[PDB]
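Student: Got a structure for you, questions after.
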Protein chains: 4
Amino acid sequence: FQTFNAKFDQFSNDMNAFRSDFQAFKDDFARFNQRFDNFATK
Amino acid sequence: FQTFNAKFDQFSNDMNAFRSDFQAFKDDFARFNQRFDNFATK
Amino acid sequence: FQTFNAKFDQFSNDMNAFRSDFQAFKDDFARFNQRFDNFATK
Amino acid sequence: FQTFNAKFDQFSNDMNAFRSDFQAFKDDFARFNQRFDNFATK
């Protein structure tokens, strides 16, 4: 079980890095969407 | 094991918040894609 | 443990639905990116 | 428990493939965003 737990902790860290990378992309997308809306209005 | 279970419950909540954030982004993307298609047709 | 396992199976299904939703978005994004490249070339 | 562990290992592989697919999309998005910024400046 304690091998499994160490393996789970690594997995959890990987998934939390994934969550963070998605959060970064979501912010980059929001900035793009604002730039698009500015371009399209003009 | 019950330390692990508490840790898992927290992880599950984090992942379900991630799923929700992605769902929000998917909706924002759909709206953008519609606006793009409107702009490009015109 | 078997409560945990049932809980894990539900989580796994939720995560696999999330994976599928992302795959759908990735396809929608690819189609958008092609339409953009067509618009921008013209 | 060892049925569960085998099931977890499969899940972990699925999630790590998901992470990789997202990383690929993030790169594709970055390239698109650069192309957009080039188009919009001109």
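Chain labels run A, B, ... following the order of the structure tokens; each chain numbers its residues from 1, and ligands are numbered from 1 in the order shown.
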Counting only C-alpha atoms, collect the residues of chain C whose closest atom lies at most 10 Å from chain D, and write them out as a list in words.

Tutor: residues 1, 2, 5, 8, 9, 12, 13, 15, 16, 18, 19, 20, 22, 23, 25, 26, 27, 29, 30, 33, 34, 36, 37, 40 and 41 of chain C

Student: Between atom CA of residue 3 of chain A and atom CA of residue 10 of chain B, what distance in Å does the model show, to one decimal?

Tutor: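 Computing the Euclidean distance for atom CA of residue 3 of chain A and atom CA of residue 10 of chain B yields 20.1 Å.
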